[PDB]
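In the structure tokens that follow, a single protein chain appears in two forms: structure 1, then structure 2.
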Structure 1
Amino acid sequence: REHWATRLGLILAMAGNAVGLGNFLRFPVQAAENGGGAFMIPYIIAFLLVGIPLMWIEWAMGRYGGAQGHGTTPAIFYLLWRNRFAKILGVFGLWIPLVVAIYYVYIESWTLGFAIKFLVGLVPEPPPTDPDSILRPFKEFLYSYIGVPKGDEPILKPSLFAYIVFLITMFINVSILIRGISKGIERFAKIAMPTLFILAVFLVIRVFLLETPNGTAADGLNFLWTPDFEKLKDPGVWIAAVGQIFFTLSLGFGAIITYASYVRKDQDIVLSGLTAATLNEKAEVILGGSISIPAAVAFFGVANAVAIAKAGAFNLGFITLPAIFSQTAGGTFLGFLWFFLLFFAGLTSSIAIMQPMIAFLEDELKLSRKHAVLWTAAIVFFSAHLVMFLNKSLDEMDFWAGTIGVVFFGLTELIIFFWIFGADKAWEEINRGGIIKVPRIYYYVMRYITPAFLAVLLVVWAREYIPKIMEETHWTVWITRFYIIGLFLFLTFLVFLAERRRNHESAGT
């Protein structure tokens, strides 16, 4: 069994797991689209009532399972609840991270592609006034890279460069994962995190130096950090805030659990878990929130910045920011640093969502690390073609797996660990070996508050928001739904084979 060599490696690996594209690309959009400061209140509450408690729960379930040679939920859920059904529900712990990896790695490859082009200076050349004359060249740049449709058809035509970069991205992910936990994920985390931090701070510093006739970077911070209690009664903001919390902290993806399964039985998961969660939040609200938003508001003002965030989730990070940078000396290089930052941020997170499948193949099907990594890479690479060529396929996978799936799974793992397994056993398991104890009140939060909070959230969602996404979408969404449902059946079949394999082994022993 592989174990994290050092505590710093563990923290930086777990921090690398959480700190990713969600901090720098997703958070800014979610905040701006929901009133900025009006989004922060529910976000902070969601972090305290959902983020923190679930982080500890996943670290606990992981370490508990790893002690018995299991790093994924199909097996761990069964250990906590001896029921054939626990194995089915556990499949989501392999499905979610696999589906998310299918589109996450692709988006990650974009940042590598852009980074390369911006470094070499193969970027557009804007006409020397007029906002549209500045932004259009960059919009075209993105649209040509990923191949956005021009006609009436929902078909994408990625550039050859984009495709080749995706292959390289997969290769880089494999090169790290194939070396294992300590010599792969950990070695890399110790290099990537410090780099990521320096790049992020440098960018924040450069961004503040932005002052135009429309505003300053300070105006952006005020927008993001000014309370608006008139939206606290809006369910949509709460759904957005909770969704962001889950995504940014890697909760409900089965990633934290798998990583924690490599933590030694005696090791502290309380302080370690809290540190990883805190590092992510700092990287999100302080770093992530201080780059994109302040820069957009500085050049276009609050109103226009918000409109740009509402048009295309990728606008602000792949079109707007590099466009804004292009108007300053060394702006192309600054764009390179922005995309290089995103690449490392994503790379440290993509290896985390691919490890669960790898761990399952090693733990349950007894495959060698080499074979487990290559097969996982093959499944992701192949499946990724659907996201690369079918328009809005990405949007669909992100919803079922990265949005609904994670909240549902988060509630499932809590119920299984804190209700079925036992609230008092769970509590003991979480605190065992801890350098610090979990505050007493959190017992009540985990047992009553968190589950009730997520239960209400899921109910409202399925009533006033999801029916539209089941009756107001293009027919091609069914191609993606069909395929991801097939992935679930495939994983269920593997769980079944793992059962038959273990049974046969128990007879020979």
Structure 2
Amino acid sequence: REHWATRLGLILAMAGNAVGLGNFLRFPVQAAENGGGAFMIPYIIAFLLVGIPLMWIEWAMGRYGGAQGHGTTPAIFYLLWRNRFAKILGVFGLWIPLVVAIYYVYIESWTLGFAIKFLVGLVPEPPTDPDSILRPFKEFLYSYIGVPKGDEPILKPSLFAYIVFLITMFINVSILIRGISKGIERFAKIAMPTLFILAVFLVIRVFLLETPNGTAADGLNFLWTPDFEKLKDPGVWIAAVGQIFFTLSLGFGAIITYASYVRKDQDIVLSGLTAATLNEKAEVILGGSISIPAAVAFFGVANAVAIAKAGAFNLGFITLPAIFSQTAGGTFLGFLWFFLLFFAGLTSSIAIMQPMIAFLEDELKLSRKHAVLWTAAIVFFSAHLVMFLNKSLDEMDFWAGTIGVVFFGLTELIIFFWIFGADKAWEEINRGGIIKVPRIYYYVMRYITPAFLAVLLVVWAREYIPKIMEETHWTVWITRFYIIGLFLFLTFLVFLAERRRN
């Protein structure tokens, strides 16, 4: 089995897995919609009672399966629990990262195309009216991804966007095809430091933004000022947990797969804690200090919150660049922004394709080259659905990146810490650890976490079950049908692997 070359490389690889579009796009929006500081408390709690324990659990399962030559859940679940249904459940550790990868890589290609156009300097040129400043950039984005005028089911992506998507796929492939140590680790050691530097620079530049309408400092205060009136709002807790899952790459089967390449004897405790911590630093300190403080700086708090509620891509791809365009060297600043986004995105995407690749290698005994090329083929092909179908992206992000990750986190935790046994699991986690997990967490993993997740899922289901059946748009039914198809496909591949074993 292939292994990480150095501990540093491992850390930066995992951190590259975690740190991504979720930090600089999803987070600012989530925190803004949820009332700034009010969102932080639950967030932190969700980080302590969910993110950390599940992170350690996934590292442990990953290394455990890796020792035996298995980096994916279909096999690992079976090692931990002997059942066919364990394999069937294991299918989600493929389906989820694949589905998420499909749209994620596309958004990444967006960040790339924008990076290029802003570098070369082809951008809308604004003239004191907010709508006259934002409108050009809204039209810019809409022309890029081909957004319809009314609400219409069909998207018309520009040729440039498509070509850039091809290029992005090519970069992902060029990285993944060199393997764990050579392809992924090498790139991590560069992309990560680059990312941190760019992020710091942007944070500082943004912090200097002050106008008659407000300041970046106002945004920082808004984000860091506690509000206890929202603590009774379940939605805030749900959003916090969802964000924790998404940003730490939990429930995507990615962490597990990366961990399967960690040598049996190497420490997963301090490495894991370090990766998670790095992610949170990149999220709250970096991600939260860029978009929001700038928006608040120019338009004030209320307007910034309104913009955040407007959409996830509205703050990142429209508002921010429009704000930069009003400053000296704003185009170049926009470029830096989109380049940062692109590197974070890439470092995540490779991580979410790796599970499929690793299944093809381990279970079907395919060579790395073939596994990578076929994974790329599948992702690229499926991506046309997200490209040409309006609202498809949201559907995938919902079923896979929202519900699926929580369900799968609960499932993996239940299999590892309950069925496989709690003491054996604990010992497996602490084994080889440079430092040891605080005893209290044993009780957090076994009782608190699973209960919390179960409650969450119950609430969610309660709310969504009625809504699902009545939904008007056909695009979503097409998407659902297709991803169900993907699930059947993966299940079939698992069947084939199982048969090959015998």
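Take the two forms, superpose them, and find the largest set of C-alpha atoms that agree within 1.5 Å; that set is the rigid core. Structure 1 provides the reference sequence; residues are numbered from 1 along it.
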| query | finding |
| --- | --- |
| From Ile466, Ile449, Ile44, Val477, residue displaced between structures 1 and 2 - CA threshold 2 Å or more, rigid core | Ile466 |
| Cα displacement of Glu153 between structures 1 and 2 reaching 2 Å, rigid core superposed | yes |
| Between structures 1 and 2, how far the Cα of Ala311 shifts once the core is aligned, in Å | 1.0 |
| Core superposition result - C-alpha of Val99, shift between structures 1 and 2, Å | 0.0 |
